[PDB]
2 protein chains.
Amino acid sequence: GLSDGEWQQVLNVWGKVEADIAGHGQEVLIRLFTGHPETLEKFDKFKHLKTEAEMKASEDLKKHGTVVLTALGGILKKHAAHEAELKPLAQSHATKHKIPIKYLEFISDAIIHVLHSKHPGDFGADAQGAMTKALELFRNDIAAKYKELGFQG
Amino acid sequence: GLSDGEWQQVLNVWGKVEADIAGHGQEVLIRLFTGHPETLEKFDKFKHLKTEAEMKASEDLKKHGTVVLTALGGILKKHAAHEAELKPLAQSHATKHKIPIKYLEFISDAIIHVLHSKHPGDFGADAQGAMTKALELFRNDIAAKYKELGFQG
Ligand code: HEM
Ligand code: HEM
Ligand SMILES: [O]
Ligand SMILES: [O]
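- Method information in the entry identifies X-ray crystallography as the source of the structure, with 1.62 Å recorded as the resolution.

**Here we look at the packing of helix 5 (residues 59-95) of chain A against helix 6 (residues 125-148) of chain B**
Next up, step 1: At a closest axis distance of 11 Å, the pairing of helix 5 of chain A and helix 6 of chain B adopts a crossing angle of 95°. As far as their axial angle goes, helix 6 of chain B and helix 5 of chain A are roughly perpendicular. For the pair formed by helix 5 of chain A and helix 6 of chain B, the contact residues are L72(A), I75(A), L76(A) and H79(A) on the first element and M131(B), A134(B), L135(B), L137(B), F138(B) and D141(B) on the second.
Next up, step 2: Considering only residue class, the contact of helix 5 of chain A with helix 6 of chain B consists of eight nonpolar, one polar and one charged.

**Digging into the domain arrangement of chain A**
All names here are of chain A.
Next up, step 1: In terms of domain boundaries, chain A breaks down into domain 1 (1-96) and domain 2 (97-153).
Next up, step 2: Computed over C-alpha atoms, the centres of domain 1 and domain 2 are 32 Å apart.
Next up, step 3: Every contact between the two is made by 13 residues of domain 1 and, on the other side, 11 residues of domain 2.
Next up, step 4: Across the interface of domain 1 and domain 2, roughly 1100 Å² is buried in total on both sides, 67% from carbon and sulfur atoms.
Next up, step 5: Contact with domain 2 buries area across many residues of domain 1, yet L86, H93 and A94 alone supply 44% of it, more than any other trio.
Next up, step 6: Viewed at the interface, domain 2 and domain 1 are joined by one salt bridge.
Next up, step 7: A salt bridge links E83 to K145; the shortest N-O distance between them is 2.6 Å.

**Considering the site of ligand 2**
Next up, step 1: The full set close to ligand 2 counts 18 residues, and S92(A), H93(A), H97(A), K42(B) and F43(B) are the nearest of them.
Next up, step 2: Nearby residues place ligand 2 at the junction of chains A and B.
Next up, step 3: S92(A) is positioned with one of its side-chain polar atoms (N or O) 2.6 Å from an oxygen atom of ligand 2.
Next up, step 4: In this structure, a nitrogen atom belonging to ligand 2 sits 2.8 Å away from a side-chain N or O atom of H93(A).
Next up, step 5: Put simply, the parts of the chain that give the shell around ligand 2 at least two residues each are helix 5 and helix 6 (101-118) of chain A together with helix 4 (59-95) of chain B.
Next up, step 6: Here the element with the most residues in the shell around ligand 2 is helix 4 of chain B; it accounts for five residues.
Next up, step 7: Among the residues forming the shell around ligand 2, the class breakdown is 11 nonpolar, five polar and two charged.

**A short note on the relation of the copies chain A and chain B**
The operation linking the two copies of the chain is a rotation about an axis combined with a translation along the axis.
Next up, step 1: Mapping chain A onto chain B leaves a residual RMSD of 0.8 Å; the transformation is a rotation of 179° accompanied by 0.0 Å of translation along its axis. Taken together, these values place the two copies in the relation of a two-fold axis. When C-alpha positions in chain A are compared against the rotation axis, the closest is assigned to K78(A), at 3.6 Å.
Next up, step 2: When the interface residues of chain A are mapped onto chain B, 97% of them again fall at the interface, so both copies present the same face.

**Focus on the interface of chain A and chain B**
Next up, step 1: Listed per partner, the contact involves 60 residues of chain A and 59 residues of chain B.
Next up, step 2: Approximately 5600 Å² of surface area, both sides summed, lies buried where chain A meets chain B, with 75% of it carried by carbon and sulfur atoms.
Next up, step 3: Counting the surface chain A buries against chain B, the share from its top three residues, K42(A), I75(A) and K78(A), is 10%.
Next up, step 4: Between chain A and chain B we count eight salt bridges in total.
Next up, step 5: Viewed at the interface, chain B and chain A are joined by 11 residue pairs in polar contact.
Next up, step 6: Those elements giving two or more residues to the side of chain A that touches chain B turn out to be helix 1 (4-19), helix 2 (21-35), helix 3 (37-40), helix 5, helix 6 and helix 7 (125-148) of chain A.
Next up, step 7: At 13 residues, the largest contribution of residues to the side of chain A that touches chain B is made by helix 5 of chain A.
Next up, step 8: Here the residues of the side of chain A that touches chain B sort into 34 nonpolar, 12 polar and 14 charged.

**Observations concerning the UniProt feature "domain: Globin" in chain A**
Next up, step 1: When the UniProt feature table is mapped onto this chain, "domain: Globin" is found at residues 1-147 of chain A.
Next up, step 2: Taken end to end, residues 1-147 of chain A is 81% helix and 0% strand, and its first and last C-alpha atoms sit 11 Å apart.

**Re the site of ligand 1**
Next up, step 1: Taken together, 18 residues lie near ligand 1, and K42(A), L89(B), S92(B), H93(B) and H97(B) sit nearest.
Next up, step 2: Nearby residues around ligand 1 are contributed by chains A and B.
Next up, step 3: The side chain of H97(B) places a nitrogen or oxygen atom 2.8 Å from an oxygen atom of ligand 1.
Next up, step 4: Listing elements by their share of the shell around ligand 1, those giving two or more residues are helix 5 of chain A together with helix 4 and helix 5 (101-118) of chain B.
Next up, step 5: The dominant element in the shell around ligand 1, judged by the number of residues it contributes, is helix 5 of chain A, at five residues.
Next up, step 6: For the shell around ligand 1, the per-class residue count stands at 11 nonpolar, five polar and two charged.

Rules behind the numbers
- Residues numbered from 1 in each chain as written, not as in the entry; some residues may be left out.
- Chains lettered and ligands numbered in written order.
- Heavy atoms only, no water.
- Axes fitted to C-alpha atoms, helices over the stretch in contact; angles between N-to-C directions.
- Helix = DSSP H or I, 4+ residues; strand = E, 2+ residues; numbered from the N terminus.
- Parallel < 35°, antiparallel > 145°, perpendicular 65-115°, else oblique.
- Contact = heavy atoms within 4.5 Å.
- Nonpolar A, V, L, I, M, F, W, Y, C, P; charged D, E, K, R; others polar.
- Domains from an automatic or database assignment.
- Buried area = accessible area lost by both parts, 1.4 Å probe.
- Salt bridge = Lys/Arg side-chain N within 4 Å of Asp/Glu carboxyl O.
- Near = heavy atom within 4 Å.
- Polar contact = N/O pair within 3.5 Å; in protein donor to acceptor, adjacent residues only side chain to side chain.
- Least-squares fit on C-alpha atoms.
- UniProt positions renumbered as here; feature names shortened; annotations may be inferred.

And the structure:
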């Protein structure tokens, strides 16, 4: 996993990408296609482009570069933002409070119980399934941070 | 994993939690402490509160319930946001484009090289280490979605 400082380094450099996303995207795809030609064969749209000149001249390759780095920038930002809320909670619950994963399972079950009790008409079996899975992913995320911090949960 | 509709169900029910967060937080901790009395022993401020009545009268237990459901709500929303961008990418790249994880490693190499080439002043050894780890976590997240979809590589 990344520290807070490491995430800030990632977001700082992504700021530079966004100032010329089209140029960054083009250079990334040309570097990829030239180093690993089998990757170009996956693009039915582009595999006819032989020369670096033809790749640089392609409107669509340049537009696709922008699509790729736009999507990746959004994933990295949303990852960083989830980390910024998960990390402090995992830190206190591992090091200060020392809360076992089983206790996190108990409060997860309590939350599902209370939502079923307060919203019986709305919180049906499907919605309950959704919340059960989301709280399991939450517990797994905490457990992975516990491990990194060397707390046996 | 959760489907798109399942994530929306999680967000919808959290809106109902936030409409009476005091009541929800109280009832969650009461359900936890009454169902699993060993969990009360973790709370120096609360562990003397044995009955549901004593717990319901505690202004501090009610405030702590709100702190818990506020923290959890923020983490679920940030998780949903990351999933909303990761899921469609894993879906197309598994089912339509059929992109092996190794090819994601190749484009990750190209990204790091282009960032180092264009922005050496903002892409030192540490920052490069940070981006290498972030892109590996991205690949791992896609690989986990590939597995759910039963696509190997
Ligand atoms: C950082 C890594 C990557 C990102 C963020 C990314 C993102 C995207 C996005 C947003 C699209 C358009 C929407 C979609 O179909 O899902 C796309 C299309 C596509 N990607 Fe990727 N991609 C990545 C890596 C790769 C790699 C390594 C390959 C192949 C070697 C690949 C092959 C394709 C293909 C063939 C399409 C369809 C393009 C078209 O015909 O217009 N992707 N990608
Ligand atoms: C959804 C699960 C949980 C969430 C979101 C959560 C969140 C929080 C937050 C935000 C705090 C205050 C800030 C902090 O110290 O990190 C806190 C404190 C605490 N939590 Fe949790 N918590 C959870 C589960 C648990 C469980 C299951 C236990 C024990 C069985 C526990 C025990 C504590 C304790 C002892 C404190 C310190 C209380 C004080 O002295 O004021 N937590 N929790
Ligand atoms: O792509
Ligand atoms: O908590």
